[PDB]
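Colleague: Here's a structure for you.
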């Protein structure tokens with residue numbers, strides 16, 4: 001029939017990448033940080049997702065920053081951002097196969113600095 005390593009290549013070999021996530025929205029937005037909460041993808045690329053790839057950057061800047069999570073969580077907080085500024089973030093599903101597709105580009109604007117003294 002065949003030689004070399006073979007056996008578990010029935011479907012796991014003809015598998016595809018996971019679909020783009022949904023429900024993505026910023027629940028906790030700050031002047032410097034920004035929390036992005038989303039829901040699992042309506043479907044997976046055959047194999048179980050490993051992690052999510054998030055890419056955020058200023059609508060004016062041309063540098064995309066990649067921030068990986070610490071697991072299969074659908075929630076991640078961003079940092080190192082300027083207040084009163086807007087940034088475009090996109091959530092994608094990355095698995096053994098790879099980075100399927102990016103979800104509807106999201107646009108969030110940090111809060112305008114108010115003061116360190118609770119008011």
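Numbering (PDB author numbering), first residue to last: 1 to 119.
Even for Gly, the Cβ is constructed at its ideal location relative to N, Cα and C.
1) Please state the DSSP three-state secondary structure of residue 85.
2) Applying the 10 Å Cβ sphere with the 16-neighbour rule, what's the burial state of residue 61?
3) Runs of 4 residues minimum, wholly inside the segment 23–92: which ones carry the alpha helix (DSSP H) assignment?
4) With DSSP as the reference, please indicate the residues paired to residue 107 in a beta bridge.
5) I need the DSSP call for residue 94, collapsed to helix, strand or coil.
6) What's the gap between the Cα of residue 37 and the Cα of residue 52?
7) Please name the residue in 102, 112, 118 and 119 whose C-alpha comes closest to that of residue 22.
8) Put residue 8 into one of helix, strand or coil per three-state DSSP.
9) For residue 42, which residues in the same chain have their Cβ closer than 7 Å to its Cβ, ignoring the five residues on either side in sequence?
10) Flag this pair as yes or no: are the beta carbons of residue 107 and residue 89 separated by less than 9 Å?
Modeller: A quick look at the data gives this:
1) The residue labelled residue 85 in the question sits at position 85 within the chain shown. Looking at residue 85 - three-state DSSP - the assignment turns out to be coil, as it is neither helix nor strand.
2) What you label residue 61 is simply residue 61 of the chain shown in a count that begins at 1. Residue 61 is exposed by the Cβ-count criterion.
3) Taking only runs of at least 4 residues, no alpha helix (DSSP H) segment lies wholly in the segment 23–92.
4) Taking the first residue of the chain shown as position 1, residue 107 is located at position 107. Looking at the DSSP assignment, residue 107 forms a beta bridge with 88.
5) For this step, residue 94 is matched to residue 94 along the chain shown. Note: residue 94 maps to strand in three-state DSSP.
6) Position 37 of the chain shown, counted from the first residue, corresponds to residue 37. Position 52 of the chain shown, counted from the first residue, corresponds to residue 52. Each residue's alpha carbon lies about 12 Å from the other.
7) Mapped onto the chain shown, residue 22 falls at position 22. Of the candidates 102, 112, 118 and 119, the one whose C-alpha sits nearest the C-alpha of residue 22 is 102.
8) The count along the chain shown starts at 1 and reaches residue 8 at position 8. For residue 8, the secondary structure class from DSSP, reduced to helix, strand or coil, is coil.
9) Here residue 42 corresponds to residue number 42 of the chain shown, with the count starting at 1. Once the five neighbours on either side are set aside, the close Cβ partners of residue 42 are 19 and 22.
10) Along the chain shown, read from residue 1 onward, the residue named residue 107 stands at position 107. Along the chain shown, read from residue 1 onward, the residue named residue 89 stands at position 89. Yes; because the gap between Cβ atoms is below 9 Å, this pair is in contact.
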